[PDB]
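Shown here is one chain on its own, the form solved without this ligand, set out as structure tokens.
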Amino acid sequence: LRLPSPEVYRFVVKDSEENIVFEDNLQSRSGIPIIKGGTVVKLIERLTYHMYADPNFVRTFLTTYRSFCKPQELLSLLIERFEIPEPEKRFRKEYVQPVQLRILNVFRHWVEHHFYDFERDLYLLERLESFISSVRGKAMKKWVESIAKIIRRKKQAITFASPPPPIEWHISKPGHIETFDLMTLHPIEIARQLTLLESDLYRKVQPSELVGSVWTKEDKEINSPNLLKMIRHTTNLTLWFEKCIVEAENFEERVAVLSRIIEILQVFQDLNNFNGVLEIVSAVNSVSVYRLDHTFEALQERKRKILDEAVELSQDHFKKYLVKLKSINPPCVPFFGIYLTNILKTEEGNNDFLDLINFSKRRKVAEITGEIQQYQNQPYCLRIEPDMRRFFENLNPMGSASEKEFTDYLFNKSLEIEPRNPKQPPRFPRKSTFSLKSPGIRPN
């Protein structure tokens, strides 16, 4: 069989160590070879290889390719692959038709599982639709129609499976958002509404938003929009908890605020919202709060124990947290920070290139990112409270200041309320008038 000249069809350059690398271990003896790396041209060739189907590679490629190739570039490479020149016959049935069918399979998987690429770039979709509508051959019609049906369905776009609990109210009453505060809302319902918010943010994050540490790179707002939303929420809530503690200048009120936050942590625990649990752990371990020895001393022993147990989840590289997560029954909200830390370690420990892309590096990262999805398909049986939801979505503890400026403010405020000297703290009056008494966390 006479393939075209590599001068005119880049993909058929002979395989060599200069363009494609395979795993060569005892697990790679039989079956489809395992790609370790290659030029993007050779990756595309193997993605659409005429000889055998390779669904594992198509899956891993479409999850990870944005770490080494832009979507517009991927579409161009697949079109280039499709437009097979005449040789420099059985060519058509054994080579061309399998390859074009392989390409249409890639297009189908792409729109089925990563249609967000097309939502983010309308011109990308314009290109795809124009190209597919030009593929009028008889052998291709079933695939063209399958792709078109998915694209139709994708553009086309709460039922409780059991009764949710009644919404809990404390001092703030419904409708009056102006009275909403950490201490005036009910601690049960604060936990519930933050869990619904965080679950929604978690469930929207795609694995491709983590591969290649793309959320830290210059195209982050395009590649990692849901992940960035989740990170910004976590930063805002953690800082809000710290602000609530450190701005409670009156000692009795501040002990009550910290105590209420521990109650919220307990409800987060009961909800398997480990993201919320470790947001509170982060806040109480921050430099501005952790140094408030007098406030922690005044806690009920049972509340200190609750807090100490939660803090111990994060110790020793989150050893106890990882154990806990594997044991629970969803719904749950996993602690998101740890995936970010583990991907950053893997990104920095492995080179992007072996111009040969290191694909085994992407396969390893795809293993980590794959773990996020098992917790994304169980919704909470909790009713949204729209005003509370708006309240927590609009948290902006930093105001107009930078985060560096705000955390400097928090530390100086901490030094004010509990000075770094051996004297007893000065005594400050309350500025608020609401009762400090908690309603507790057993539902009313």
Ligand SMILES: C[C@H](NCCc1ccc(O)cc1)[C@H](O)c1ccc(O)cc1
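From 1 onward, residues are counted along the sequence shown.
We do not show the form solved in complex with this ligand, though everything after this point is about it.
The partner is absent here; in the entry with it bound, the one residue of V311, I171, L124, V106 having a heavy atom within 4.5 Å of this ligand is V311.
Contact with this ligand in the entry with it bound, defined as a heavy atom within 4.5 Å, holds for exactly one of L307, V255, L196, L77, namely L307. Using a 4.5 Å cutoff between non-hydrogen atoms, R291 counts as a contact of this ligand in the entry with it bound. A residue is said to contact a partner when one of its heavy atoms sits within 4.5 Å of a partner heavy atom; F180 fails this definition for this ligand in the entry with it bound, lying far away. Remark: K431 does not count among the residues lining this ligand in the entry with it bound, judged by a heavy atom distance of 4.5 Å or less. Contact annotation for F82: none of its heavy atoms lies within 4.5 Å of this ligand in the entry with it bound. Here the chain stands by itself, but in the entry with it bound one stretch of 108 to 116, 216 to 224, 299 to 307, 134 to 142, 299 to 307, has heavy atoms within 4.5 Å of this ligand.
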